[PDB]
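Colleague: Structure file run_19.txt (compact mmCIF, N, CA and C atoms) is given on the next line.
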# COMPACT_ATOMS: atom_id res chain seq x y z
N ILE A 101 -2.98 -10.48 17.12
CA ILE A 101 -3.83 -9.45 16.54
C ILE A 101 -3.42 -9.18 15.09
N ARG A 102 -4.37 -8.67 14.31
CA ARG A 102 -4.08 -8.28 12.92
C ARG A 102 -5.10 -7.23 12.49
N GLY A 103 -4.68 -5.96 12.52
CA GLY A 103 -5.39 -4.90 11.84
C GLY A 103 -6.62 -4.39 12.56
N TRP A 104 -7.12 -3.26 12.06
CA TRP A 104 -8.32 -2.61 12.59
C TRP A 104 -9.16 -2.10 11.43
N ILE A 105 -10.48 -2.19 11.56
CA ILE A 105 -11.43 -1.68 10.57
C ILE A 105 -11.97 -0.34 11.05
N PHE A 106 -11.87 0.67 10.19
CA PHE A 106 -12.44 1.98 10.45
C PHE A 106 -13.39 2.35 9.32
N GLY A 107 -14.59 2.80 9.68
CA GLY A 107 -15.55 3.24 8.69
C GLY A 107 -16.81 3.74 9.35
N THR A 108 -17.76 4.16 8.51
CA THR A 108 -19.05 4.67 8.96
C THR A 108 -20.16 3.62 8.89
N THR A 109 -20.19 2.82 7.83
CA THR A 109 -21.21 1.79 7.66
C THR A 109 -20.63 0.41 7.39
N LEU A 110 -19.30 0.27 7.37
CA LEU A 110 -18.59 -0.99 7.13
C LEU A 110 -18.99 -1.61 5.79
N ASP A 111 -19.19 -0.77 4.78
CA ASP A 111 -19.61 -1.22 3.46
C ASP A 111 -18.76 -0.53 2.39
N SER A 112 -18.99 -0.91 1.14
CA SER A 112 -18.22 -0.41 0.01
C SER A 112 -18.77 0.91 -0.54
N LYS A 113 -19.77 1.49 0.12
CA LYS A 113 -20.29 2.79 -0.32
C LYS A 113 -19.24 3.89 -0.14
N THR A 114 -18.53 3.87 0.98
CA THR A 114 -17.48 4.83 1.28
C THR A 114 -16.14 4.12 1.36
N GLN A 115 -15.08 4.90 1.51
CA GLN A 115 -13.73 4.36 1.66
C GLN A 115 -13.52 3.98 3.13
N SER A 116 -13.33 2.69 3.39
CA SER A 116 -13.17 2.19 4.75
C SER A 116 -11.73 1.73 4.94
N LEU A 117 -11.13 2.11 6.07
CA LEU A 117 -9.72 1.86 6.29
C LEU A 117 -9.51 0.46 6.85
N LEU A 118 -8.46 -0.20 6.36
CA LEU A 118 -8.10 -1.53 6.83
C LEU A 118 -6.60 -1.59 7.05
N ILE A 119 -6.18 -2.46 7.96
CA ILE A 119 -4.78 -2.74 8.21
C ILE A 119 -4.58 -4.25 8.11
N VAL A 120 -3.52 -4.67 7.42
CA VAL A 120 -3.14 -6.07 7.34
C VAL A 120 -1.66 -6.18 7.67
N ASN A 121 -1.33 -7.01 8.66
CA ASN A 121 0.04 -7.16 9.13
C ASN A 121 0.56 -8.54 8.74
N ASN A 122 1.65 -8.57 7.99
CA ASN A 122 2.37 -9.79 7.71
C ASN A 122 3.32 -10.10 8.87
N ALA A 123 3.98 -11.26 8.80
CA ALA A 123 4.98 -11.59 9.81
C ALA A 123 6.21 -10.71 9.71
N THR A 124 6.50 -10.16 8.53
CA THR A 124 7.63 -9.25 8.36
C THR A 124 7.22 -7.97 7.62
N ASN A 125 5.93 -7.65 7.59
CA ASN A 125 5.46 -6.48 6.85
C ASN A 125 4.13 -6.03 7.44
N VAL A 126 3.76 -4.79 7.14
CA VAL A 126 2.45 -4.24 7.47
C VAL A 126 1.88 -3.56 6.23
N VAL A 127 0.57 -3.67 6.06
CA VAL A 127 -0.15 -3.02 4.97
C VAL A 127 -1.28 -2.20 5.58
N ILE A 128 -1.27 -0.90 5.34
CA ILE A 128 -2.32 0.01 5.79
C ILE A 128 -2.98 0.61 4.56
N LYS A 129 -4.29 0.44 4.45
CA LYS A 129 -4.99 0.69 3.19
C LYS A 129 -6.37 1.26 3.47
N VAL A 130 -6.74 2.31 2.74
CA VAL A 130 -8.11 2.81 2.70
C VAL A 130 -8.63 2.66 1.27
N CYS A 131 -9.87 2.17 1.17
CA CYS A 131 -10.54 1.89 -0.10
C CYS A 131 -11.97 1.49 0.23
N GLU A 132 -12.75 1.23 -0.82
CA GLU A 132 -14.13 0.77 -0.67
C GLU A 132 -14.13 -0.76 -0.62
N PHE A 133 -14.46 -1.32 0.54
CA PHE A 133 -14.58 -2.76 0.72
C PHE A 133 -15.91 -3.05 1.40
N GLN A 134 -16.62 -4.07 0.91
CA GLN A 134 -17.98 -4.31 1.39
C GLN A 134 -18.03 -5.20 2.63
N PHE A 135 -17.22 -6.25 2.70
CA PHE A 135 -17.27 -7.19 3.82
C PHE A 135 -15.99 -8.00 3.85
N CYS A 136 -15.29 -7.96 4.98
CA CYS A 136 -14.08 -8.76 5.14
C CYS A 136 -14.41 -10.24 5.25
N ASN A 137 -13.62 -11.07 4.57
CA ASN A 137 -13.79 -12.51 4.61
C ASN A 137 -12.83 -13.13 5.63
N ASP A 138 -13.35 -14.07 6.41
CA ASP A 138 -12.57 -14.78 7.41
C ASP A 138 -12.23 -16.17 6.89
N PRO A 139 -10.96 -16.55 6.81
CA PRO A 139 -10.61 -17.90 6.36
C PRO A 139 -10.97 -18.94 7.41
N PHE A 140 -10.82 -20.21 7.02
CA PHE A 140 -11.17 -21.32 7.90
C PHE A 140 -10.17 -21.38 9.06
N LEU A 141 -10.68 -21.27 10.28
CA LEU A 141 -9.84 -21.25 11.48
C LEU A 141 -10.48 -22.13 12.55
N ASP A 142 -10.17 -23.44 12.49
CA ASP A 142 -10.48 -24.37 13.58
C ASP A 142 -9.28 -25.31 13.71
N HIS A 146 -8.29 -24.88 14.49
CA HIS A 146 -7.05 -25.62 14.71
C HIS A 146 -6.36 -25.04 15.93
N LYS A 147 -6.05 -25.89 16.91
CA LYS A 147 -5.46 -25.43 18.16
C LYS A 147 -4.05 -25.96 18.38
N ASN A 148 -3.86 -27.27 18.39
CA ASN A 148 -2.59 -27.83 18.85
C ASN A 148 -1.97 -28.79 17.84
N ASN A 149 -2.80 -29.36 16.96
CA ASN A 149 -2.29 -30.30 15.96
C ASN A 149 -1.40 -29.61 14.94
N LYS A 150 -1.80 -28.42 14.49
CA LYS A 150 -1.04 -27.67 13.49
C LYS A 150 -0.15 -26.67 14.22
N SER A 151 1.05 -27.13 14.61
CA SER A 151 2.01 -26.25 15.27
C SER A 151 2.52 -25.18 14.31
N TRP A 152 2.79 -25.55 13.06
CA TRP A 152 3.23 -24.59 12.05
C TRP A 152 2.01 -23.84 11.52
N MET A 153 2.03 -22.51 11.67
CA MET A 153 0.91 -21.68 11.27
C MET A 153 1.08 -21.24 9.82
N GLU A 154 0.17 -21.68 8.96
CA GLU A 154 0.17 -21.30 7.55
C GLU A 154 -1.27 -21.39 7.04
N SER A 155 -1.42 -21.26 5.72
CA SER A 155 -2.72 -21.26 5.03
C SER A 155 -3.65 -20.19 5.61
N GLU A 156 -3.23 -18.94 5.45
CA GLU A 156 -3.90 -17.80 6.06
C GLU A 156 -3.94 -16.68 5.03
N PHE A 157 -4.20 -15.47 5.50
CA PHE A 157 -4.30 -14.22 4.73
C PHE A 157 -5.50 -14.34 3.79
N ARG A 158 -5.46 -13.61 2.66
CA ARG A 158 -6.54 -13.56 1.67
C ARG A 158 -7.87 -13.16 2.30
N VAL A 159 -7.83 -12.16 3.20
CA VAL A 159 -9.01 -11.77 3.95
C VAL A 159 -9.76 -10.60 3.33
N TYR A 160 -9.21 -9.97 2.29
CA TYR A 160 -9.80 -8.75 1.75
C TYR A 160 -11.06 -9.07 0.95
N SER A 161 -11.68 -8.02 0.42
CA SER A 161 -12.89 -8.10 -0.38
C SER A 161 -12.59 -7.59 -1.79
N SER A 162 -13.64 -7.39 -2.58
CA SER A 162 -13.49 -6.96 -3.96
C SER A 162 -12.87 -5.56 -4.04
N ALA A 163 -11.99 -5.38 -5.02
CA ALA A 163 -11.28 -4.12 -5.18
C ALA A 163 -12.20 -3.05 -5.74
N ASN A 164 -11.83 -1.80 -5.49
CA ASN A 164 -12.59 -0.63 -5.94
C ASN A 164 -11.60 0.50 -6.18
N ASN A 165 -12.10 1.73 -6.21
CA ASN A 165 -11.24 2.91 -6.37
C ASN A 165 -10.41 3.07 -5.10
N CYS A 166 -9.16 2.62 -5.16
CA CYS A 166 -8.32 2.47 -3.99
C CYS A 166 -7.21 3.51 -3.99
N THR A 167 -6.81 3.93 -2.79
CA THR A 167 -5.69 4.85 -2.62
C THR A 167 -4.39 4.05 -2.47
N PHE A 168 -3.32 4.72 -2.07
CA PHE A 168 -2.02 4.07 -1.92
C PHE A 168 -1.85 3.50 -0.52
N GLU A 169 -1.05 2.45 -0.43
CA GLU A 169 -0.78 1.77 0.83
C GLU A 169 0.52 2.28 1.45
N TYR A 170 0.87 1.72 2.60
CA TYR A 170 2.02 2.13 3.40
C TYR A 170 2.85 0.92 3.79
N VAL A 171 3.21 0.10 2.79
CA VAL A 171 4.03 -1.08 3.02
C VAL A 171 5.39 -0.65 3.57
N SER A 172 5.69 -1.10 4.79
CA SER A 172 6.92 -0.70 5.48
C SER A 172 7.25 -1.76 6.53
N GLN A 173 8.24 -1.46 7.36
CA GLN A 173 8.67 -2.39 8.40
C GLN A 173 7.61 -2.48 9.50
N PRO A 174 7.30 -3.67 10.00
CA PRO A 174 6.31 -3.79 11.07
C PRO A 174 6.79 -3.19 12.38
N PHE A 175 5.83 -2.69 13.16
CA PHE A 175 6.13 -2.06 14.44
C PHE A 175 6.18 -3.05 15.60
N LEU A 176 5.62 -4.24 15.42
CA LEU A 176 5.54 -5.21 16.51
C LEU A 176 6.91 -5.85 16.74
N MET A 177 7.32 -5.90 18.01
CA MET A 177 8.59 -6.49 18.40
C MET A 177 8.33 -7.49 19.53
N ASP A 178 8.89 -8.68 19.40
CA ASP A 178 8.71 -9.75 20.38
C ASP A 178 10.05 -10.06 21.04
N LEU A 179 10.03 -10.17 22.36
CA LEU A 179 11.19 -10.59 23.13
C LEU A 179 11.06 -12.06 23.50
N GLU A 180 12.20 -12.71 23.71
CA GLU A 180 12.22 -14.12 24.05
C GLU A 180 11.71 -14.33 25.47
N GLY A 181 10.65 -15.12 25.61
CA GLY A 181 10.08 -15.39 26.91
C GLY A 181 10.90 -16.39 27.70
N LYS A 182 11.61 -15.91 28.72
CA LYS A 182 12.51 -16.74 29.51
C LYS A 182 12.03 -16.79 30.95
N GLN A 183 12.03 -18.01 31.51
CA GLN A 183 11.68 -18.29 32.91
C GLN A 183 10.26 -17.84 33.25
N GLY A 184 9.37 -17.83 32.27
CA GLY A 184 7.97 -17.52 32.49
C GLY A 184 7.70 -16.04 32.65
N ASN A 185 6.40 -15.71 32.59
CA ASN A 185 5.79 -14.38 32.74
C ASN A 185 6.56 -13.25 32.06
N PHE A 186 7.05 -13.49 30.85
CA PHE A 186 7.81 -12.50 30.09
C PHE A 186 7.08 -12.25 28.77
N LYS A 187 6.15 -11.31 28.80
CA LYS A 187 5.38 -10.94 27.62
C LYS A 187 5.27 -9.42 27.54
N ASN A 188 4.98 -8.93 26.34
CA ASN A 188 4.99 -7.51 26.03
C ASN A 188 3.56 -7.02 25.82
N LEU A 189 3.26 -5.83 26.35
CA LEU A 189 1.96 -5.20 26.21
C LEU A 189 2.07 -4.10 25.16
N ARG A 190 1.19 -4.14 24.17
CA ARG A 190 1.20 -3.20 23.06
C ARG A 190 0.04 -2.22 23.21
N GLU A 191 0.32 -0.93 23.04
CA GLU A 191 -0.66 0.13 23.22
C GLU A 191 -0.81 0.92 21.93
N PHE A 192 -2.05 1.29 21.61
CA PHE A 192 -2.35 2.04 20.39
C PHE A 192 -3.36 3.13 20.69
N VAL A 193 -3.25 4.25 19.97
CA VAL A 193 -4.21 5.35 20.05
C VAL A 193 -4.54 5.79 18.63
N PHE A 194 -5.83 5.87 18.32
CA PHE A 194 -6.30 6.37 17.04
C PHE A 194 -7.20 7.57 17.28
N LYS A 195 -6.98 8.64 16.53
CA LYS A 195 -7.80 9.84 16.63
C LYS A 195 -7.82 10.54 15.28
N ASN A 196 -8.61 11.61 15.20
CA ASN A 196 -8.83 12.30 13.94
C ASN A 196 -9.00 13.79 14.20
N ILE A 197 -8.00 14.58 13.81
CA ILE A 197 -8.05 16.03 13.89
C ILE A 197 -7.88 16.58 12.49
N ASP A 198 -8.87 17.35 12.03
CA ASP A 198 -8.93 17.95 10.70
C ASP A 198 -8.74 16.93 9.59
N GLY A 199 -9.33 15.74 9.75
CA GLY A 199 -9.26 14.69 8.77
C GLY A 199 -8.07 13.76 8.91
N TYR A 200 -6.95 14.26 9.41
CA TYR A 200 -5.74 13.45 9.51
C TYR A 200 -5.91 12.33 10.53
N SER B 446 -25.74 22.29 -23.84
CA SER B 446 -26.65 21.86 -22.77
C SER B 446 -25.93 21.52 -21.46
N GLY B 447 -24.70 21.99 -21.28
CA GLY B 447 -23.92 21.66 -20.11
C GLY B 447 -23.23 20.31 -20.21
N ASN B 448 -22.15 20.17 -19.44
CA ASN B 448 -21.46 18.89 -19.34
C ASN B 448 -22.07 17.98 -18.28
N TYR B 449 -23.04 18.49 -17.51
CA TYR B 449 -23.87 17.78 -16.53
C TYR B 449 -23.09 17.24 -15.34
N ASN B 450 -21.79 17.52 -15.23
CA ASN B 450 -20.99 17.09 -14.08
C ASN B 450 -20.89 18.20 -13.04
N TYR B 451 -22.06 18.60 -12.54
CA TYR B 451 -22.18 19.67 -11.55
C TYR B 451 -22.90 19.17 -10.30
N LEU B 452 -22.55 17.97 -9.85
CA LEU B 452 -23.30 17.29 -8.79
C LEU B 452 -22.97 17.93 -7.45
N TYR B 453 -23.96 18.58 -6.84
CA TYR B 453 -23.83 19.19 -5.52
C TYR B 453 -24.88 18.59 -4.60
N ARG B 454 -24.48 18.31 -3.35
CA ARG B 454 -25.28 17.50 -2.44
C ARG B 454 -26.55 18.20 -1.93
N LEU B 455 -26.80 19.45 -2.33
CA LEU B 455 -28.06 20.16 -2.07
C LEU B 455 -28.33 20.31 -0.58
N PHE B 456 -28.84 19.26 0.06
CA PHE B 456 -28.95 19.24 1.51
C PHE B 456 -28.73 17.82 2.03
N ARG B 457 -28.37 17.73 3.30
CA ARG B 457 -28.25 16.47 4.01
C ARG B 457 -28.42 16.74 5.50
N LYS B 458 -28.39 15.67 6.30
CA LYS B 458 -28.69 15.81 7.72
C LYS B 458 -27.55 16.44 8.50
N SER B 459 -26.30 16.18 8.10
CA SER B 459 -25.14 16.61 8.86
C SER B 459 -24.35 17.65 8.08
N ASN B 460 -24.07 18.78 8.71
CA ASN B 460 -23.15 19.75 8.14
C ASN B 460 -21.75 19.16 8.10
N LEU B 461 -21.08 19.30 6.96
CA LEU B 461 -19.84 18.57 6.73
C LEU B 461 -18.69 19.14 7.55
N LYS B 462 -17.84 18.24 8.04
CA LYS B 462 -16.61 18.62 8.69
C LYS B 462 -15.61 19.13 7.65
N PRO B 463 -14.59 19.88 8.08
CA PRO B 463 -13.58 20.36 7.12
C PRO B 463 -12.88 19.24 6.37
N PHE B 464 -12.71 19.46 5.06
CA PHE B 464 -12.02 18.54 4.15
C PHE B 464 -12.66 17.15 4.15
N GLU B 465 -13.99 17.11 4.17
CA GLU B 465 -14.74 15.86 4.22
C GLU B 465 -15.74 15.81 3.08
N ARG B 466 -15.77 14.69 2.36
CA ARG B 466 -16.71 14.47 1.28
C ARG B 466 -17.60 13.26 1.59
N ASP B 467 -18.75 13.22 0.92
CA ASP B 467 -19.69 12.10 1.05
C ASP B 467 -19.96 11.54 -0.33
N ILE B 468 -19.48 10.33 -0.59
CA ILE B 468 -19.80 9.61 -1.83
C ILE B 468 -21.04 8.79 -1.52
N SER B 469 -22.20 9.45 -1.58
CA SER B 469 -23.46 8.81 -1.22
C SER B 469 -24.61 9.59 -1.82
N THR B 470 -25.73 8.89 -2.01
CA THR B 470 -27.00 9.50 -2.37
C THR B 470 -27.95 9.43 -1.18
N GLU B 471 -29.04 10.18 -1.27
CA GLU B 471 -29.97 10.25 -0.15
C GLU B 471 -31.38 10.47 -0.67
N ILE B 472 -32.35 10.22 0.21
CA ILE B 472 -33.77 10.37 -0.07
C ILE B 472 -34.34 11.34 0.96
N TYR B 473 -33.58 12.40 1.26
CA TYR B 473 -33.87 13.32 2.36
C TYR B 473 -35.29 13.85 2.33
N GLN B 474 -35.91 13.89 3.51
CA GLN B 474 -37.35 14.06 3.69
C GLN B 474 -37.71 15.24 4.57
N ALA B 475 -36.88 15.53 5.59
CA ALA B 475 -37.07 16.46 6.72
C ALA B 475 -38.13 15.96 7.70
N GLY B 476 -38.77 14.83 7.39
CA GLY B 476 -39.53 14.05 8.33
C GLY B 476 -41.04 14.22 8.26
N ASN B 477 -41.68 13.33 7.50
CA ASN B 477 -43.10 13.02 7.55
C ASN B 477 -43.33 11.78 6.70
N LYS B 478 -43.89 10.70 7.28
CA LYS B 478 -44.08 9.41 6.62
C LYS B 478 -42.77 8.93 6.01
N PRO B 479 -41.83 8.39 6.84
CA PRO B 479 -40.46 8.08 6.37
C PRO B 479 -40.38 7.27 5.08
N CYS B 480 -39.83 7.90 4.05
CA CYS B 480 -39.93 7.45 2.67
C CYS B 480 -38.55 7.30 2.06
N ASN B 481 -38.38 6.24 1.26
CA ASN B 481 -37.15 6.01 0.53
C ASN B 481 -37.40 5.86 -0.97
N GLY B 482 -38.52 6.38 -1.47
CA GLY B 482 -38.84 6.27 -2.88
C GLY B 482 -38.28 7.42 -3.70
N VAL B 483 -38.22 7.21 -5.01
CA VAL B 483 -37.57 8.13 -5.94
C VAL B 483 -38.45 9.34 -6.23
N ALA B 484 -39.67 9.35 -5.69
CA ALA B 484 -40.61 10.43 -5.93
C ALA B 484 -40.09 11.75 -5.36
N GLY B 485 -40.28 12.83 -6.12
CA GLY B 485 -39.78 14.13 -5.70
C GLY B 485 -40.52 14.70 -4.50
N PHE B 486 -41.83 14.51 -4.45
CA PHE B 486 -42.64 15.13 -3.40
C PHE B 486 -42.43 14.41 -2.08
N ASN B 487 -41.98 15.17 -1.07
CA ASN B 487 -41.79 14.74 0.32
C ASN B 487 -40.75 13.63 0.49
N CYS B 488 -40.07 13.27 -0.60
CA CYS B 488 -38.95 12.33 -0.60
C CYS B 488 -37.83 12.91 -1.44
N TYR B 489 -37.48 14.17 -1.14
CA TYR B 489 -36.70 15.02 -2.03
C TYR B 489 -35.33 14.43 -2.34
N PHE B 490 -34.96 14.47 -3.62
CA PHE B 490 -33.73 13.86 -4.08
C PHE B 490 -32.64 14.92 -4.20
N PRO B 491 -31.57 14.85 -3.42
CA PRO B 491 -30.42 15.74 -3.62
C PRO B 491 -29.60 15.35 -4.84
N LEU B 492 -28.42 15.96 -4.96
CA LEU B 492 -27.50 15.78 -6.09
C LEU B 492 -28.14 16.26 -7.40
N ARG B 493 -28.47 17.55 -7.42
CA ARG B 493 -28.87 18.23 -8.63
C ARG B 493 -27.62 18.67 -9.39
N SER B 494 -27.80 19.42 -10.47
CA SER B 494 -26.67 19.88 -11.27
C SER B 494 -27.09 21.13 -12.04
Could you write out this file's structure as structure tokens?

Modeller:
Amino acid sequence: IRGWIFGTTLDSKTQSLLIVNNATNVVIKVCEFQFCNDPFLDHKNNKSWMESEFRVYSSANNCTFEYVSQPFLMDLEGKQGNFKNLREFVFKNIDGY
Amino acid sequence: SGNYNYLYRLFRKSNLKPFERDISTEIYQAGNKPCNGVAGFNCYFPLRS
């Protein structure tokens, strides 16, 4: 997984919130973005090393500040099968926050 | 003649929630022959000053 889009019309008319997670970083950003771009993704097993990604944002506008910090995702070593982690998230809005 | 930066949203469909702004224009009508033209009559333009 990588990020969530929050907005009213998913366009650059208003400030729409986006999240971008690096392998060792997270970026949480609200600004006016018109349409997220998806890079070329047709590769399953030949490309074991995952690279040539990111650059998914749109044209810049009147942007606020980001929250570059340590990522929250933690992975444990999968040993002897069926060892995976379930991640839970809740988003809400009380008095704008 | 004023600095003309007195833009107030006049009317819109939704009463605003606390600490909420709308960076948008509208062609508010109140409903008859749904219109999006710049004409003042029955296609009333908010954001006066």

Colleague: At a cut-off of 12 Å, list the chain B residues touching chain A, using only C-alpha atoms, as a ChimeraX atom specification.

Modeller: /B:461-470

Colleague: Figure out the distance between atom C of residue 101 in chain A and CA of residue 156 in chain A, please, to one decimal in Å.

Modeller: 12.5 Å

Colleague: Write out as a list in words the residues lying within 7 Å of residue 119 in chain A, counting all atoms listed in the file and excluding same-chain residues fewer than 2 positions away.

Modeller: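 After dropping sequence-adjacent residues, the list is residues 102, 103, 104, 105, 106, 117, 121, 126, 127, 128 and 129 of chain A.
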
Colleague: Using all atoms listed in the file, determine which residues lie at most 6.5 Å from residue 159 in chain A, disregarding the query and same-chain residues fewer than 4 positions distant; provide the list as a ChimeraX atom specification.

Modeller: /A:136-139

Colleague: Atom C of residue 179 in chain A to CA of residue 140 in chain A: how many Å, to one decimal?

Modeller: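 The value is 28.7 Å.
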
Colleague: CA of residue 193 in chain A and CA of residue 123 in chain A are how many Å apart?

Modeller: 21.8 Å

Colleague: Give me, as an NGL selection string, the residues of chain A that a backbone DSSP run labels strand (DSSP E or B).

Modeller: :A and (106 or 116-121 or 126-131 or 172)

Colleague: List the neighbours of residue 490 in chain B out to 8 Å using only N, CA and C atoms; skip same-chain residues closer than 3 positions along the sequence, and give me the result as a compact mmCIF listing (two decimals) with N, CA and C atoms, in the frame of the given file.

Modeller:
# COMPACT_ATOMS: atom_id res chain seq x y z
N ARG B 454 -24.48 18.31 -3.35
CA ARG B 454 -25.28 17.50 -2.44
C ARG B 454 -26.55 18.20 -1.93
N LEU B 455 -26.80 19.45 -2.33
CA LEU B 455 -28.06 20.16 -2.07
C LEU B 455 -28.33 20.31 -0.58
N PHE B 456 -28.84 19.26 0.06
CA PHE B 456 -28.95 19.24 1.51
C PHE B 456 -28.73 17.82 2.03
N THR B 470 -25.73 8.89 -2.01
CA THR B 470 -27.00 9.50 -2.37
C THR B 470 -27.95 9.43 -1.18
N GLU B 471 -29.04 10.18 -1.27
CA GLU B 471 -29.97 10.25 -0.15
C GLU B 471 -31.38 10.47 -0.67
N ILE B 472 -32.35 10.22 0.21
CA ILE B 472 -33.77 10.37 -0.07
C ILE B 472 -34.34 11.34 0.96
N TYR B 473 -33.58 12.40 1.26
CA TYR B 473 -33.87 13.32 2.36
C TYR B 473 -35.29 13.85 2.33
N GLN B 474 -35.91 13.89 3.51
CA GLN B 474 -37.35 14.06 3.69
C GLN B 474 -37.71 15.24 4.57
N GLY B 482 -38.52 6.38 -1.47
CA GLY B 482 -38.84 6.27 -2.88
C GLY B 482 -38.28 7.42 -3.70
N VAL B 483 -38.22 7.21 -5.01
CA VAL B 483 -37.57 8.13 -5.94
C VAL B 483 -38.45 9.34 -6.23
N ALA B 484 -39.67 9.35 -5.69
CA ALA B 484 -40.61 10.43 -5.93
C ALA B 484 -40.09 11.75 -5.36
N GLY B 485 -40.28 12.83 -6.12
CA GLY B 485 -39.78 14.13 -5.70
C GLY B 485 -40.52 14.70 -4.50
N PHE B 486 -41.83 14.51 -4.45
CA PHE B 486 -42.64 15.13 -3.40
C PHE B 486 -42.43 14.41 -2.08
N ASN B 487 -41.98 15.17 -1.07
CA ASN B 487 -41.79 14.74 0.32
C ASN B 487 -40.75 13.63 0.49
N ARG B 493 -28.47 17.55 -7.42
CA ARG B 493 -28.87 18.23 -8.63
C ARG B 493 -27.62 18.67 -9.39

Colleague: Pick out the closest residue to residue 132 in chain A from this set: A:155, A:188, A:149, A:167. Count only C-alpha atoms.

Modeller: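 For residue 132 in chain A, the nearest of the given residues is A:167.
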
Colleague: Could you rebuild range 458-471 of chain B with N, CA, C and O atoms and give me the result as a short mmCIF file (atom, residue, chain, number, x, y, z; two decimals), in the coordinates of the input?

Modeller:
data_model
loop_
_atom_site.label_atom_id
_atom_site.label_comp_id
_atom_site.auth_asym_id
_atom_site.auth_seq_id
_atom_site.Cartn_x
_atom_site.Cartn_y
_atom_site.Cartn_z
N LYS B 458 -28.39 15.67 6.30
CA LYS B 458 -28.69 15.81 7.72
C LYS B 458 -27.55 16.44 8.50
O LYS B 458 -27.79 17.17 9.46
N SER B 459 -26.30 16.18 8.10
CA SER B 459 -25.14 16.61 8.86
C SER B 459 -24.35 17.65 8.08
O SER B 459 -24.00 17.42 6.92
N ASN B 460 -24.07 18.78 8.71
CA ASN B 460 -23.15 19.75 8.14
C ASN B 460 -21.75 19.16 8.10
O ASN B 460 -21.29 18.57 9.08
N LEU B 461 -21.08 19.30 6.96
CA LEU B 461 -19.84 18.57 6.73
C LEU B 461 -18.69 19.14 7.55
O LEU B 461 -18.57 20.35 7.74
N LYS B 462 -17.84 18.24 8.04
CA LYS B 462 -16.61 18.62 8.69
C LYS B 462 -15.61 19.13 7.65
O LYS B 462 -15.79 18.89 6.45
N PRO B 463 -14.59 19.88 8.08
CA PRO B 463 -13.58 20.36 7.12
C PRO B 463 -12.88 19.24 6.37
O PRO B 463 -12.51 18.21 6.95
N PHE B 464 -12.71 19.46 5.06
CA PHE B 464 -12.02 18.54 4.15
C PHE B 464 -12.66 17.15 4.15
O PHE B 464 -11.97 16.13 4.12
N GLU B 465 -13.99 17.11 4.17
CA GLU B 465 -14.74 15.86 4.22
C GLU B 465 -15.74 15.81 3.08
O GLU B 465 -16.47 16.78 2.85
N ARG B 466 -15.77 14.69 2.36
CA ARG B 466 -16.71 14.47 1.28
C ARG B 466 -17.60 13.26 1.59
O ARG B 466 -17.25 12.41 2.41
N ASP B 467 -18.75 13.22 0.92
CA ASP B 467 -19.69 12.10 1.05
C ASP B 467 -19.96 11.54 -0.33
O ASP B 467 -20.60 12.19 -1.16
N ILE B 468 -19.48 10.33 -0.59
CA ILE B 468 -19.80 9.61 -1.83
C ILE B 468 -21.04 8.79 -1.52
O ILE B 468 -20.99 7.59 -1.24
N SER B 469 -22.20 9.45 -1.58
CA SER B 469 -23.46 8.81 -1.22
C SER B 469 -24.61 9.59 -1.82
O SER B 469 -24.50 10.79 -2.09
N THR B 470 -25.73 8.89 -2.01
CA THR B 470 -27.00 9.50 -2.37
C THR B 470 -27.95 9.43 -1.18
O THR B 470 -27.70 8.72 -0.20
N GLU B 471 -29.04 10.18 -1.27
CA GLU B 471 -29.97 10.25 -0.15
C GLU B 471 -31.38 10.47 -0.67
O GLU B 471 -31.59 10.82 -1.84
#
